Amino acid sequence: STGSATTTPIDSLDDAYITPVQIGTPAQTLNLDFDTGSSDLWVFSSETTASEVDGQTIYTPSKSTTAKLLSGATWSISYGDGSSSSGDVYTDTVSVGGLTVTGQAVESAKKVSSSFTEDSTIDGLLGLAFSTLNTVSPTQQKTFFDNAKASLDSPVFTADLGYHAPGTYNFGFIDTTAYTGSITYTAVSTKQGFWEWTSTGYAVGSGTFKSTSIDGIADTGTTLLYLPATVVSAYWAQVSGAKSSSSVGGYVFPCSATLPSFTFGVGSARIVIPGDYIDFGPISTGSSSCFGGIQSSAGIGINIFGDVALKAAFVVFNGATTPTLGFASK
Ligand SMILES: O=C(NC[C@H]1CCCO1)NC1CCCC1
Ligand SMILES: O=C(NC[C@H]1CCCO1)NC1CCCC1
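What the sequence shown shows, in full-length UniProt numbering, is residues 90 to 419, in sequence order.
In structure tokens, the structure reads:
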């Protein structure tokens, strides 16, 4: 089997991407944020505290003939932005892009933090990191990918995120028309439950490539690129007037600037992030200070190749017995 779904940016900055997901029978279509940095499929629901729902589409298990309570099971998750959610669990049929999993754990939110309530465009999360991070207790549950794996033509999924445009998530096959050149594969450590890999270095603009090992995670559910402070300082030093602002919470730059590209290594290959991808626009409406898309990972404890980086590539998440990541230009 295979599946193929279009993923659409939630707003003009590509802050996140939503993908329609069919849950239950008859189908209830919810727009979920596919998150390779977490392992819970959770949804706004008929159980979510009414004051915490503001325009999201909700899952109503009582309207699904295939829903079953996973008796006793609860979940609770906290994300690196300080957001959180928690609730109980149903099993139901879930389909993405024509690929169907029966008996998927669908984590029904009873509570969500303010950041979720305030984002009317995101109806929940579909985690695609390793199932060892799933938060369901007392019986940990599998991701949609882990449950689909054995049925797929190839044990893979691919992320092809757009810049200010829709893109694609594919399951079970590699669309050889979706990228240019060859795919360079790199080793993954699952020790922390993430798609964790080691970049071979970086370049700023037209500058020389610095060969240096940068451990980090491929995380579709993080907006920005978070890298060590040394790398980030080297990048922003090439932008007149850029500075780190403790009041704003990161690097800002003059909206009149033209940003340099940023290159990261994947083995001997190179992925180039155009400068325009690093523009996150005015810090507040009408401001001439703009927020940067490359930020320091210091204090976060991990480097994160978020959407700013991943949208510059065709990315293969290879879930074979020995997992690997692949990157191609596109
Ligand atoms: O929490 C992280 N990003 C934000 C969440 C918000 C909803 C989906 O993604 N990233 C974590 C990955 C490991 C360190 C931080
Ligand atoms: O990227 C992050 N969240 C993005 C999602 C949640 C709401 C908008 O889209 N959070 C990062 C902050 C520092 C590490 C994780």
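We put the CB at the ideal spot given by N, CA and C, even for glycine.
In the DSSP assignment, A94 falls within the beta strand (DSSP E) that extends over 92–98. For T319, the uninterrupted alpha helix (DSSP H) segment begins and ends at 318–325. Contact check for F380 and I372: beta-carbon distance about 5 angstroms, within the 8 angstroms limit, so the pair qualifies.
For ligand 1, residues qualifying as neighbours are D124, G126, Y168, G169, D170, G310, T311, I391, where qualification means a beta carbon closer than 5 angstroms to at least one of its heavy atoms (chain order). Remark: C-beta atoms of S197 and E285 do not approach each other more closely than 7 angstroms. Where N120 is concerned, the enclosing beta strand (DSSP E) starts and stops at 117–124.
Shown here for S350: same chain residues with a beta carbon closer than 7 angstroms to its own, the five before and five after excluded, namely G294, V361, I362, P363, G364 in chain order. In the structure shown, the three-state DSSP call for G381 is strand. Look at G364 here: in three-state DSSP terms it is helix. A check of alpha carbon separations from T289 across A267, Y315, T352 identifies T352 as the nearest. Just measuring C-alpha positions, the residue of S165, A162, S134 sitting nearest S151 is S134. Its chain contains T289, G290, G354 as the residues whose beta carbon lies nearer than 8 angstroms to that of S300, once the 5 sequence neighbours on both sides are disregarded; these appear in chain order. With a cutoff of 6 angstroms, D104 counts as near ligand 2, since its C-beta is closer than that to a heavy atom of the ligand.
For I272, the closest C-alpha among the options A248, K280, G256, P255 is that of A248. Around the C-beta of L314, 16 or more other C-beta atoms lie within 10 Å, and the residue is accordingly described as buried. Per DSSP, reduced to three states, the secondary structure at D396 is helical. The DSSP-derived three-state label of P343 is strand. Per DSSP, the unbroken beta strand (DSSP E) holding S334 starts and ends at 332–334. For a cut-off of 8 angstroms, the C-beta gap from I166 to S174 is around 6 angstroms, short enough to register as a contact.
Linking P343 to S377 through their CA atoms gives a straight-line distance of about 6 angstroms. Judged by pairs of C-beta atoms under 8 angstroms, the region 318–336 does not touch the region 263–270, as fewer than three such pairs exist. Check the Cα spacing between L241 and each of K157, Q117, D100, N259: the tightest is with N259. Remark: C-beta atoms of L250 and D124 do not approach each other more closely than 7 angstroms.
Taking all protein chains in view, the Cβ of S226 is surrounded by fewer than 16 other Cβ atoms within 10 Å, so the residue is classified as exposed. Just so you know, the alpha carbons of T180 and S220 end up roughly 16 angstroms apart.
Contact between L217 and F234 holds, since their C-beta atoms are separated by about 5 angstroms, short of 8 angstroms.
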